[PDB]
Amino acid sequence: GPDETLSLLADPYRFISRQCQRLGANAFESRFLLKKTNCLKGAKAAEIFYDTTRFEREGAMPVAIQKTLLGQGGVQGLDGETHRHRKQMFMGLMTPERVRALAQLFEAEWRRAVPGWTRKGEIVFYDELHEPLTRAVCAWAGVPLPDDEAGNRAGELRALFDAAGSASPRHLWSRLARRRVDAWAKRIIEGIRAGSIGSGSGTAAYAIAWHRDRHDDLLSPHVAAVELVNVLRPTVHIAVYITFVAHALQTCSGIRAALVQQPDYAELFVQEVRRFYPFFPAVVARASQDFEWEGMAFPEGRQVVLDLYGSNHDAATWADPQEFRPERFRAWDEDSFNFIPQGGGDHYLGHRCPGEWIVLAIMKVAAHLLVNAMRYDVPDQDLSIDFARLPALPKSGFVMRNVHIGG
Ligand code: HEM
């Protein structure tokens, strides 16, 4: 077959599921770069993809994503016991108390930023979320962050994902941001180890600075920096989900009211935002041994991508995936493979996102504030999602006017 790289990049989120619908199947062979690639979709495909006797991550991730979004030497590129030991370091951060502490810090930062928004008149809501998220997570993770630096660091953390998926001086800026963010996190780690930074023992930076690997060795400072940024970066990009919360409240009738009255509704709602809206298109692995599945050949070494967006919109699983309907999660069986916006499978024994609790907690705070505390006008604007952009967003970035909170 031909190389479909251009077609994918023109439709990164929907390419796979459209070809699956066209072929009446959940898998197809294709090609991106020099690489034959099996593309998969749906709960069944997700279950094999997360079987680690048949898939590994080492070497799988395109280097372009390494030197921007992910960094080099972090948990995403690990397999086996080496992975699980490193993954444990992330999971230990995520106690209900710690998750709640970050949500509280984030609410404080949101509230502290509003006067700035009021004084502005008009704001692009999306642009405005990165700094409070940055301030919150840094303080939570034991990372010192002077007031006059916060905005710059927010910009750098943002550029790791919002500039990592573009052409022009945009990809250049993303690689530089990665270099700056890496060097910065590395000085944080070194300062903790030398005793000149007094991060608390319950904080991420502390846990990462002091982590011992399966040989009782500290992480090398660069690897520690990369793992710290694996906490800071994705937290700041909860800005994407928070923007979709405001979008849903604006475009889907009944949601605002349901959210005001019905006390149990916030949970269903945040879940449905994660299910409905695009975030990460897909995840990549490599076949670790020969096997066949559903008539498809998976030879050892075959690059394999699992469509997250398509799996979340699978009609087999959700009778009407095209609808925004929080209520659907009343019937959900908490299956770990049929609902995968932040990965599937087991958190400890695979690469499933450790940040889910944080994401949920912060999304709940957003919904609360947008609905119960913060009032704003929404002018005529293009709110349609740009599906040709990574990350996909409302084209306007969600514009707000006359924003206030103290009335
Ligand atoms: C903001 C929305 C977020 C989305 C859409 C998201 C999505 C994901 C996805 C799809 C994966 C990979 C699953 C796989 O490879 O099978 C992942 C991995 C990971 N995420 Fe999340 N994430 C989000 C926020 C977070 C947050 C808040 C953290 C906080 C620490 C986080 C930390 C990680 C880490 C460390 C990994 C690698 C885990 C491993 O390889 O075992 N991300 N993210």
Side-chain angles (χ1 to χ4, degrees), residues 11-18 20-21 26 40-47 49-50 234 237-256 258-259 262 264-283 305-347 350-368 370-371 383-387 390-394 398:
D11 194 8
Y13 291 99
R14 295 169 306 187
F15 178 68
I16 294 161
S17 55
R18 280 170 169 187
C20 283
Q21 193 172 55
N26 275 160
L40 321 174
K41 184 181 79 89
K44 248 291 181 64
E47 182 166 356
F49 186 89
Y50 285 100
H237 276 85
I238 300 163
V240 168
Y241 274 140
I242 293 164
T243 305
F244 285 138
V245 162
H247 182 280
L249 277 164
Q250 188 63 208
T251 60
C252 195
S253 51
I255 298 308
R256 183 171 287 279
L259 220 31
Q262 278 158 273
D264 63 319
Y265 196 86
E267 282 226 53
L268 306 175
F269 172 68
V270 299
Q271 292 291 31
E272 183 68 342
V273 176
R274 294 208 304 158
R275 188 208 60 86
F276 185 88
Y277 293 94
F279 203 120
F280 282 125
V283 161
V305 327
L306 172 79
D307 180 10
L308 306 178
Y309 182 76
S311 299
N312 292 331
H313 289 265
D314 185 0
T317 294
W318 319 94
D320 37 21
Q322 75 279 359
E323 311 279 16
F324 191 82
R325 191 179 73 243
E327 297 81 333
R328 82 172 71 246
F329 276 92
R330 297 183 182 286
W332 187 53
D333 57 348
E334 286 158 331
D335 182 69
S336 72
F337 299 117
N338 68 18
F339 176 44
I340 62 178
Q342 298 179 233
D346 182 282
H347 287 97
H351 293 263
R352 200 188 170 119
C353 182
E356 285 184 288
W357 297 278
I358 288 164
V359 171
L360 288 177
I362 284 168
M363 286 177 75
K364 288 170 194 170
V365 164
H368 171 68
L370 291 172
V371 136
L383 282 171
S384 68
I385 324 288
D386 193 358
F387 277 100
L390 284 171
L393 283 173
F398 206 94

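In this chain, residues are counted from 1 in sequence order. The basis for the numbers below is simple: all heavy atoms, side chains too, and nothing from hydrogens, waters or symmetry mates.
Separating the SG atom in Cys353 from the CD1 atom in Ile358 is a distance of 8.0 Å, to the nearest 0.5 Å. Taken to the nearest 0.5 Å, the SG atom of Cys20 stands 12.5 Å off from the CZ atom of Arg18. To the nearest 0.5 Å, the span separating CD on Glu272 from OH on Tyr265 amounts to 8.5 Å. In this structure, the separation between CD1 on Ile255 and NE2 on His247 is 12.5 Å, given to the nearest 0.5 Å. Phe387 contributes atom CZ, which lies 8.5 Å from atom CG of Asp11 (distance to the nearest 0.5 angstrom). The line from CH2 of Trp332 to CG of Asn338 is 6.5 Å long, rounded to the nearest 0.5 Å.
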side-chain contact (heavy atoms from CB on, under 4.5 Å) assessment of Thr317 paired with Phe339: CA-CA 9 Å; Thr317 294; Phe339 176 44; over 6 Å; no

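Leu370 and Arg256 get closest at one heavy-atom pair: O-NH1, 3.2 Å. Heavy-atom minimum distance, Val240 versus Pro391: CG2-CG, 3.9 Å. Residues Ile340 and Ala46 come closest through the heavy atom pair CD1-CB, 4.1 Å. The shortest non-hydrogen separation linking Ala45 to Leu40 is CB-CB, 3.5 Å.
With respect to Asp320 and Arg325, a salt bridge is recorded, a charged nitrogen being found less than 4.0 Å from a carboxylate O. The pair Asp264-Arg330 meets the salt-bridge criterion, with a side-chain N (NZ, NE, NH1 or NH2) lying under 4.0 Å from an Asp/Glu carboxylate O.
No donor-acceptor pair closer than 3.5 Å links the side chain of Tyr13 to the backbone N or O of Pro281. Without hydrogens or angle criteria, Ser311 side chain to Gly42 main chain gives a donor-acceptor distance under 3.5 Å.
Between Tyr50 and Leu306 the shortest side-chain heavy-atom distance falls below 4.5 Å. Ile385 has its side chain out of reach of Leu393: every pair of non-hydrogen atoms, C-beta onward, lies at least 4.5 Å apart. For the pair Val283/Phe49, a side-chain contact is recorded, criterion being any heavy-atom separation below 4.5 Å from C-beta on. For the pair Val273 and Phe269, the minimum side-chain heavy-atom distance is below 4.5 Å. Side-chain contact check for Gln250 versus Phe398: some heavy-atom pair is nearer than 4.5 Å.
Counting non-hydrogen atoms of neighbouring residues, nucleotides and ligands closer than 6.0 angstrom, the CD atom of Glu323 exceeds 12 such neighbours. Environment of CD in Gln322: crowded, with over 12 heavy atoms of neighbouring residues, nucleotides or ligands closer than 6.0 Å.
For the residue pair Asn312/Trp318, the side-chain donor-acceptor check at 3.5 Å is not satisfied. For the 3.5 Å distance criterion, the side chains of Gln271 and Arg274 qualify, holding a donor opposite an acceptor.
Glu327 pairs by the side-chain hydrogen bond (donor to acceptor under 3.5 Å, both in side chains) definition with nothing, not counting sequence neighbours.
Of the candidates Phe276, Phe279, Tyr277, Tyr277 is the only one forming a ring-ring contact (aromatic ring centres under 6.0 Å, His included) with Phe244.
In this pair, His347 and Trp357 present their aromatic rings tilted. The plane angle is within the 30 to 60° band.
Under the 6.0 Å distance and 45° angle rule, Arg275 does not count as a cation-pi partner of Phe329.
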